[PDB]
Structure formats: structure tokens, C-alpha cells
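First up is the structure itself, then whatever we jot down about it.
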């Protein structure tokens, strides 16, 4: 195991689970994607263009909301584009991404 390794009872290596549901061409989705990309974090985008079934799966997790985008971090519903930008402006987004 050659390398410079961090030990703190981590056990199996896991990380933040970051999810965003989008339409690719929605300007609010595009703005939220830009913010996540600028943070440099690894994240999963559920691009659901034209997919009603996926929108209903999204709504089932997002308090019935079908507005876009919808963002989850470690399985918690964060909200939409305005919500993530508001958190960042308050200095509260970085801690949630783990930093």
C-alpha cells in the first residue's frame, strides 16, 4: 500500500453523494450546474429531458415539486437553484459538500 495515507478510522472509503435533477437546456439548471462545477466536486446529474417518469420519481423525493433543478446532498433535499446559491452566499454550501 505505497503512498501517503490518511488514517482516522475511515474504514471503507466513501464520499459526499451529490445529485442534481435537470433539463439540459433549462437556464436555472444550467446556473446550478455551473456552481457545482466551479466547486470542483464530484456529482451525479440526472438529466431528465422529456422523461415524465423520471420527473415523477424526482417529485416523490422533492416534496412533490416538479420545478427544476432539484438538488440533494447526502440524501437531504437542498432545493433548487436559488437555494444552492443562497447557501453559498451565506457561507453554508462548502460545509455541506464536506467542504
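Numbering (the deposited numbering), first residue to last: 1 to 99.
Cβ coordinates follow ideal geometry from the N, Cα and C atoms, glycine included.
By how many angstroms is the C-alpha of residue j removed from the C-alpha of residue i?
i	j	result
residue 59	residue 2	46 Å
residue 35	residue 85	8 Å
residue 31	residue 44	16 Å
residue 16	residue 57	21 Å
residue 13	residue 99	17 Å
residue 53	residue 7	43 Å
Give me the DSSP bridge partner(s) of residue i.
i	result
residue 18	73
residue 79	71
Which residue marks the beginning of the alpha helix (DSSP H) containing residue i, and which one marks its end?
i	result
residue 29	27-39
residue 55	52-61
residue 93	93-96
Residue range of the beta strand (DSSP E) that residue i falls in?
i	result
residue 45	44-47
Going by beta carbon distance, what residues of the same chain come within less than 6 Å of residue i, once the five residues before and after it are set aside?
i	result
residue 66	55 and 59
residue 71	20, 78 and 84
residue 62	70 and 77
residue 51	none
residue 73	18 and 96
Please work out which residues of its chain come closer than 7 Å, Cβ to Cβ, to residue i, disregarding the five sequence neighbours upstream and downstream, and give them in chain order.
i	result
residue 88	35
residue 24	47 and 49
residue 39	97
residue 93	84 and 87
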